[PDB]
Every structure is written in C-alpha cells, then in structure tokens.
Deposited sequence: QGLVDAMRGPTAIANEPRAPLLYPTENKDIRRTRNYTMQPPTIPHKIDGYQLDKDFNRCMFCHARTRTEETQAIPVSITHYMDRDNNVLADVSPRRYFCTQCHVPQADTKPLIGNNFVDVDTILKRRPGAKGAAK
C-alpha cells in the first residue's frame, strides 16, 4: 500500500538492474537544450555555446548581456557565462511519475 516510483519495485535489500544510459534527445523558465552538448567546451578560455548563440540558433536574449546592475554590455555577462548552470539537455526517455504542474498560459485560459 506504498511504493516509491523513484526506486521501482525492488526491495531495499536487493539491487535492481540499472537502466540503459539514455541518449540525449535531439528535438519564464530557461528553455531546455534540444540538442546534445557532450562535445562542447565551456571554460574560461572558450565558450563553445557562444559560437552559435552569440548576439552577433536563436541568440541569447539581451538579459544574458546584462550585469548585476542591469547595464547592457558588449559581451555576454560573466553572470551567465556558464550556461549549463541553467540550461540542461534532456534524455530521450519518459518521466518516471506524472507531475500535475500547470503553466501560466494554461492557468490563465
């Protein structure tokens, strides 16, 4: 009369077979990344994301070129430089449990 869908049916004392390592899907919130990012350098010497998403792929929005005082700068702000703190790719797999979240557009119509 209780199951944890994060674990699956396996008793605590036993070890399940690990699911396969799923490939990444090539397809208010930060959009998720609809492509693989495994060969993409992101370090202080080179930001490969900016090769396709710089304001000069849809470009990063103007908020990404703003400093903590909201001044707009000529290049991406250090405060958004490490893109993967906020944007994540998605495994090509279904979620484990339903989630009843409702977004703004839905709640308003």
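**Student:** Which bits of the deposited sequence have no atoms placed for their C-alpha?
**Tutor:** The deposited sequence has unmodelled segments at 1, 29-37, 67-72, 126-135.
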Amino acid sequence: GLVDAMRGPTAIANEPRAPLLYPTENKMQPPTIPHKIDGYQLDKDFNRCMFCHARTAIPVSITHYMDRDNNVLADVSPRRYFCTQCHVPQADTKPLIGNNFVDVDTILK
From here on, numbers count along this sequence of modelled residues.
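**Student:** So 78-86 or 42-50, which one's hotter by mean CA B-factor in the entry?
**Tutor:** Between 78-86 and 42-50, it is 42-50.
**Student:** Please work out which of 10-18 and 90-98 has the higher mean CA B-factor as recorded in the PDB entry.
**Tutor:** Going by the record's values, the stretch with the higher mean is 90-98.
**Student:** Within this chain, which third does the Cα B-factor at residue 60 fall in: lowest, middle or highest?
**Tutor:** According to the entry, residue 60 has a C-alpha B-factor in the chain's lowest third.
**Student:** Using the temperature factors of the C-alpha atoms in this entry, rank residue 33 within its chain: lowest, middle or highest third.
**Tutor:** CA B-factor rank for residue 33: lowest third.
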